[PDB]
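Note sheet for the following structure.
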Amino acid sequence: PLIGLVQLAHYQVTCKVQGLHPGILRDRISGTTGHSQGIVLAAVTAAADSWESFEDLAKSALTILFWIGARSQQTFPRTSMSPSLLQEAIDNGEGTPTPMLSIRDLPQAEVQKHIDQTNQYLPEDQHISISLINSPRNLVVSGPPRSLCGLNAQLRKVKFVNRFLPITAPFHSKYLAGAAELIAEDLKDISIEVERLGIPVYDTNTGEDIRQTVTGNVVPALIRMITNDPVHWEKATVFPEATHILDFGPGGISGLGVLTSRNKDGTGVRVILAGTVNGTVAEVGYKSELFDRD
Amino acid sequence: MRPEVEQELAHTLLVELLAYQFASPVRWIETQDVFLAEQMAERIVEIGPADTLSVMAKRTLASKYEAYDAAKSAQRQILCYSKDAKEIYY
Amino acid sequence: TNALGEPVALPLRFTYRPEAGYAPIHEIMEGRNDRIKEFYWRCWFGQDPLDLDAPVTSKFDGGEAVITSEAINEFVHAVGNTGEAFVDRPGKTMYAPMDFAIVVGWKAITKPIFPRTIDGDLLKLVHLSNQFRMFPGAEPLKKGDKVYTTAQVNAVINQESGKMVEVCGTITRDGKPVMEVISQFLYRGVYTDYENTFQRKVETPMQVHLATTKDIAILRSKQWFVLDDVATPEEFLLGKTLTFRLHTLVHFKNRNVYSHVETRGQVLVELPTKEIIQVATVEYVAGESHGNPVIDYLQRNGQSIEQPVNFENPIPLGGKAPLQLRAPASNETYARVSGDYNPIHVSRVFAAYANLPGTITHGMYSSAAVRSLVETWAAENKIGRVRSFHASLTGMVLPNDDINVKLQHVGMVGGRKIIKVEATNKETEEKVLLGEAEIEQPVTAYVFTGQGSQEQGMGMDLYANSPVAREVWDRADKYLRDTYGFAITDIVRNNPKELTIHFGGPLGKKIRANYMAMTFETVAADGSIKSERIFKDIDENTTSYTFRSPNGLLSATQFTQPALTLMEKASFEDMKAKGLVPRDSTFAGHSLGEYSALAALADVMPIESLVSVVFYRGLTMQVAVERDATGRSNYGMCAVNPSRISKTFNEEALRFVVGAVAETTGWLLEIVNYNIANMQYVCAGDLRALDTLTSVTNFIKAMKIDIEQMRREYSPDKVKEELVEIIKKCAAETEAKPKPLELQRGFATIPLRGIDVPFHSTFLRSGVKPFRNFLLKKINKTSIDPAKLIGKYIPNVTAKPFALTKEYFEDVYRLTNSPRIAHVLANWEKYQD
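Chains as they are written, first to last, in the entry's author numbering: chain C, 251 to 409, 428 to 562; chain F, 1 to 90; chain E, 1250 to 2082.
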């Protein structure tokens, strides 16, 4: 919920500073998506039409993101660790073991080969899988932290960069399938009708506009995209004839915008970090470029 | 069974086993199976000047019990007296 | 709120005295403690009937409790514990943390503080210490267990700080005790009422050994040493360790003197059957005394049956960081999950009245919280390995206090770790808890090895540094010198080539007679049994003899066997002395190592018998094999690796080939060691058969013959016919080789050089009868404890845990065809009656 709130606040400022209300700004945008939990904020901003709707849409998003986080954590609790596994990951520069492992500068086929080799020695409930495909050599593998340690131990023999993400539940994986049912019950009274969405909102797995694939309330699709469906970020961000992409996500130069900028290199698309006042990365734009009137 | 009877049967059986042992094959694969599979020995110590049976146990584990131990979360410690002193003794 | 959620009042009463104008308020002390006790009873038990006149000697019942996941979850999450076994995670059985014993035992453990005979102000009560103890063999509590708790007062003792009350609660599951919880409480104040003060103590199971008549005269001086069967002789006890199980009940006259010592129990003997009985009762009383002569005597003359091997180097412990903890805000959360609804943990006015700095976090919370670290690091987060845990509550805790913890492992007992625990407040550095855990090592099995590992000097470092190891060698040397005229340590240290025994003198005549008496039976080709002396050279006229070995006498089987086994035994005795060995480790030993395993763990024979057995074994096996004029035998051994032939060539294919070679040639060839499945076997036999096997396996590999495919495509007879022609050709090539036949390394076969006896083959079955007769003279029935063998020993012959069942005897009969086993089986009913 708090990461949702940061993004909502950046949107609110972008409209307030320009003297818009949310609908006008949305009507200047060709389409949107959001990497994992981001898709909720992409949806509610596409549903927004005024400050008045945006206020309730914010409350709605926070309810959604809250119950997702709550029930996911309930359905998949953490468990204890040996001194060896702990320090093994730390001493090898992998960070503390968590249910999600980022792997960078290694092709998807090689990552899958190491996953398959690891899963041959694991029972089905302990299997690890690629849950995020950020780019052809930037991937995230989800599952039991211990299983992920086993994968790291294999990767060490051939070692690209691999590091555990500071995320406390295995999103976009079979491990949250039960959680999705709980979340749907907790959110039965929250509806975002697909007809509200005055701009394309692109599915994180398929890259299709959800206004063409969903009927009625989009909340079940949002839940599914976060809990179960893998992210295919290049597909979700095809963005036909894009010249500019506005990143509302947190973390600035370490956030999703710089990743998207790298995926868009050479394609004529400039990514602007809406949260960041200034920075040293020349390939991206900063918050001033949203408001400059020259 | 009365204890005197158990002692008698044990004495007779033990003497027969030993009497035949040197004229009967050593069934050490099955012996290792009893330890690793039936009795669930998390730790095994070879008493001896050399690590001969520790090396056999290592090979048996890798060839037959690796997937079984992974499925049971079993961690095995194979230790030889003449190598693993500060482990065996702290 | 009370245990029922209702408000409850404590009435304090005062008299107003305006005539006493400087101090007009007087508290009504009469019935004050009863009003406080009634209030506390209503707080913890609601409307349960209160009996203030319940005898302190009675048993207090806590009732039936069912352990539920919810009760576990709230407790576990409140104590902040990632105890995986306690989590109801998908697919996992859900256990209860050992601390939860307080929850299920609370009612039983707290009732004994209420009786009026224990006079004390509960507003001034302090919980001093709590101890958990799991009964031997009892498995962890889990979701769904039905448990019953009963409690008894062990002690009521007036101390300078107040009246101490010790309560022991026993938790039972399915009628069997699972865990003890001992709690010590202190009513702060000055108490001079000794009439209800007593202490029940289960005394150490002590031992005294009566080496001399003098010791027994000393013993039988004691009028309290009331012999049972008084017709039992004094020297029935001579050379016996008496074992003393005793209970002591004392009542106090005052701080310093008993009103009554009572001290009773049992003095015990183990019979030659290995059965145990009492042979004397202990029956002592003093009234007043300055001590207790029985107990005073035992500490001065005897010893505990177990002692801690404390380390000189305390082992530092924890996670990957030094460990720290925090009191939360809500003591009410703990009061809820525990059911200790005591107001002083939670209420300002009661804490203020009780003169506390504030409302106090429960020591039980602190205990559980710390024990989570204990189990996580000292037990590797493995619940059942923790057996017992003590904690003295030495300092106070309040909400939002912060804490430092250290753990160390500082000794061994009976194969269990000894761990000490300190928790101190982080800001004040004051000790808040001191504690102690006993924890299991992993399930350990013991393995003894075969001949071939011997080296010059083996075991001598232990001989130098370990008295118990030295004793093993010294006893062996003494026996071998007195019986056979040599020291085995001299052979181990120096590995000499040659050594002469002199039969001069009376001792030498005896040694010679021992050699003259050594024989082995051979079965002649007509089936007749011929006895032959081992020391053919020696006779009644021989003055001396000489052992010889060009690779040194340590390489000679007859001395190799004693030497190795002694080294193993000495090793294991040192480890045992250091307390490193769990109660119920199982064991085996590869060929020769078996005898060591039995002598080491099962004590089936003393050192003197052991060395006699394995010496005789080495000798008999050398002489059972016919030798040429140069002393060479036509037998050997080859290690065979099936996986080196092909990927499909398995154990069955190896058995088929070995059997076919043996059957086709008529030569001895057998698989005698099954070491690693499809990777390492040993074949023993005639050198020609081993060479033919090498040629056949080389041919199978070279021609890429797939025996398993052939067995699927053709009848077993046709596969055998093709193999028989290969075998005949290979055998003819073998017979055409120059003699002596030198075994060569094949693709899958490796000759074992220096082995000239076909060990473990059926060829040596002729020796079973004389060797059995030797064993019967060396292994006494009375020395056998079945409890050391059953389930624990695995014989090499059966490769199953040793058992005294008809089915096990039938299996042994099937493997050995033993006439003695057959006789037992044919009379099995006589052993069942």
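Ideal placement from N, C-alpha and C gives every residue a C-beta, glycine not left out.
So, helix, strand or coil for C:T368, using DSSP? Residue mapping note: residue 368 of chain C aligns to position 118 of the first sequence, counting from 1. Three-state result, C:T368: helix.
Determine the contact status of C:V552 and C:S522, defining contact as a CB-CB distance below 7 Å. Here residue 552 of chain C corresponds to residue number 284 of the first sequence, with the count starting at 1. Here residue 522 of chain C corresponds to residue number 254 of the first sequence, with the count starting at 1. In this structure, C:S522 does not lie closer than 7 Å to C:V552 by Cβ.
Please confirm if C:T329 has its CB atom under 7 Å from at least one CB of chain E. For the purposes of this step, residue 329 of chain C is taken as residue 79 along the first sequence, with counting starting at 1. Taking CB atoms only, C:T329 has a neighbour in chain E less than 7 Å away.
Which residues bound the alpha helix (DSSP H) around E:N1714? Counting from one through the third sequence, the residue named residue 1714 of chain E turns up at place 465. Taken as a continuous stretch (DSSP letters only), the alpha helix (DSSP H) holding E:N1714 covers 1709 to 1714.
In this structure, does DSSP put E:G1842 in helix, strand or coil? If you number the third sequence from 1, residue 1842 of chain E lands on position 593. It is helical.
Any idea what DSSP makes of C:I467, helix, strand or coil? Here residue 467 of chain C corresponds to residue number 199 of the first sequence, with the count starting at 1. Note: C:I467 maps to coil in three-state DSSP.
Paired residues, beta bridge with E:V1405 - DSSP: Locating residue 1405 of chain E in the third sequence gives position 156, counting from the first residue. Paired residue(s): E:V1414, E:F1447.
Could you give the uninterrupted runs of the alpha helix (DSSP H) lying entirely in the stretch 1455 to 1488 of chain E, keeping only those of 4 residues or more? 1462 to 1469
What does DSSP give as the partner residue(s) for C:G553 in the beta ladder? In the first sequence, the residue the question calls residue 553 of chain C occupies position 285. Beta-bridge pairing links C:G553 to C:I540.
DSSP-derived helix/strand/coil call for E:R1597: As a first step, residue 1597 of chain E must be located in the third sequence, where it is residue number 348. If DSSP states are grouped into helix, strand and coil, E:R1597 belongs with the helices.
For residue 126 of chain F, return the contacting residues in chain E, with the cut-off set at a CB-CB distance below 7 Å. The requested residue 126 of chain F does not occur in the structure, where chain F is confined to residues 1 to 90.
Counting only Cβ-Cβ distances shorter than 8 Å, please list the residues of the stretch 58 to 70 of chain F near chain E, keeping chain order. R59, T60, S63, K64
For C:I435, which residues from the same chain have a beta carbon less than 8 Å from its beta carbon, with the 5 sequence-adjacent residues on both sides left out? Sequence index remark: in the first sequence, residue 435 of chain C carries index 167 (1-based). Only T348, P349, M350 meet the Cβ criterion.
Partners in chain E for C:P349, counting only beta-carbon separations shorter than 7 Å: In the first sequence, the residue the question calls residue 349 of chain C occupies position 99. By Cβ distance, chain E contributes nothing, its closest Cβ being about 14 Å from C:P349, past 7 Å.
Less than 6 Å between C-beta atoms, sequence neighbours within five positions excluded: which residues of the same chain meet that for C:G547? For the purposes of this step, residue 547 of chain C is taken as residue 279 along the first sequence, with counting starting at 1. Once the five neighbours on either side are set aside, the close Cβ partners of C:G547 are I521, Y554.
Identify whether E:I2039 lies in helix, strand or coil by the three-state DSSP scheme. One-based indexing of the third sequence puts residue 2039 of chain E at position 790. Reduced to three states, the DSSP call for E:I2039 is coil.
Could you spell out where the alpha helix (DSSP H) holding E:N1251 opens and where it closes? For the purposes of this step, residue 1251 of chain E is identified with residue 2 of the third sequence, where counting begins at 1. No alpha helix (DSSP H) holds E:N1251; DSSP gives it neither H nor E.
The stretch 1921 to 1939 of chain E in contact with the stretch 1957 to 1964 of chain E per 3-pair CB rule at 8 Å: no
Taking only runs of the alpha helix (DSSP H) that begin and end inside the stretch 11 to 81 of chain F, which ones reach a length of at least 4 residues, in chain order? 28 to 33, 52 to 60, 66 to 72
From E:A2036 to E:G1664, what does the alpha carbon distance come to, in whole angstroms? As a first step, residue 2036 of chain E must be located in the third sequence, where it is residue number 787. As a first step, residue 1664 of chain E must be located in the third sequence, where it is residue number 415. Their backbone Cα atoms lie some 18 Å apart in a straight line.
Just to confirm my understanding: we take C:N388, look at its own chain, exclude 5 residues before and 5 after, and list those with CB closer than 6 Å. What are they? The residue you call residue 388 of chain C lines up with position 138 of the first sequence. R354.
In angstroms, rounded to a whole number, what distance separates the CA positions of C:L450 and C:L527? Along the first sequence, read from residue 1 onward, the residue named residue 450 of chain C stands at position 182. Along the first sequence, read from residue 1 onward, the residue named residue 527 of chain C stands at position 259. Approximately 32 Å, taken between the alpha carbons.
From what residue to what residue does the beta strand (DSSP E) around C:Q287 run? Numbered from its first residue, the first sequence carries residue 287 of chain C at position 37. If you look at C:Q287, you'll find it isn't in any beta strand (DSSP E); DSSP assigns it neither H nor E.
Taking 8 Å as the threshold, find out whether the stretch 32 to 46 of chain F comes into contact with the stretch 2021 to 2033 of chain E through three or more Cβ pairs. no
Near-chain E residues of the stretch 41 to 55 of chain F (beta-carbon distance less than 7 Å), N- to C-terminal order: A41, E42, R43, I44, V45, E46, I47, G48, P49, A50, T52, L53
Determine contact between the stretch 1704 to 1715 of chain E and the stretch 1643 to 1662 of chain E, defined as no fewer than three beta-carbon pairs at a distance below 8 Å. Too few Cβ pairs lie closer than 8 Å, so no.
Look at the alpha carbon of E:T1398 and the alpha carbon of E:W1290, and state the distance between them as a whole number of angstroms. As a position in the third sequence, residue 1398 of chain E is number 149, starting the count at 1. As a position in the third sequence, residue 1290 of chain E is number 41, starting the count at 1. Using only the alpha carbons, I get a separation of about 18 Å.
Can you give the Cα-Cα distance for C:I513 and C:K532, rounded to whole angstroms? Counted from its first residue, the first sequence places residue 513 of chain C at position 245. Counted from its first residue, the first sequence places residue 532 of chain C at position 264. C:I513 and C:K532 have their C-alpha atoms roughly 10 Å apart.
Near-chain F residues of the stretch 2019 to 2045 of chain E (beta-carbon distance less than 7 Å), N- to C-terminal order: Close to chain F, meaning a Cβ-Cβ distance shorter than 7 Å, are the following residues of the stretch 2019 to 2045 of chain E: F2020, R2021, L2024, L2025, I2028, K2030, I2033, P2035, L2038, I2043, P2044, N2045.
List, in order along the chain, the chain E residues whose C-beta lies closer than 7 Å to that of C:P333? For the purposes of this step, residue 333 of chain C is taken as the residue at position 83 of the first sequence. Per Cβ cutoff of 7 Å: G1568, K1569.
Exposure label - C:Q257; buried when at least 16 CB within 10 Å: Mapped onto the first sequence, residue 257 of chain C falls at position 7. Around the beta carbon of C:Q257, a 10 Å sphere encloses 16 or more other beta carbons of the protein chains shown; the residue is thus reported as buried.
Please check if any C-beta of chain C sits within less than 7 Å of the C-beta of E:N1899. For this step, residue 1899 of chain E is matched to residue 650 along the third sequence. Closer than 7 Å: no.
Neighbour flag for E:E1624 against chain C, beta carbons, 7 Å: Taking the first residue of the third sequence as position 1, residue 1624 of chain E is located at position 375. Chain C contact via Cβ: absent.
Within its chain, find whatever has a CB closer than 7 Å to the CB of E:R1597; leave out the 5 residues flanking it on each side and keep chain order. Indexing the third sequence from 1 puts residue 1597 of chain E at position 348. The residues are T1608.
Please check if any C-beta of chain F sits within less than 7 Å of the C-beta of E:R1832. By 1-based counting over the third sequence, the position of residue 1832 of chain E is 583. No, E:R1832 does not count as interfacial toward chain F.
Host beta strand (DSSP E) of C:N430 (start-end): Here residue 430 of chain C refers to the residue found at position 162 of the first sequence. First-last of the beta strand (DSSP E) with C:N430: 429 to 432.
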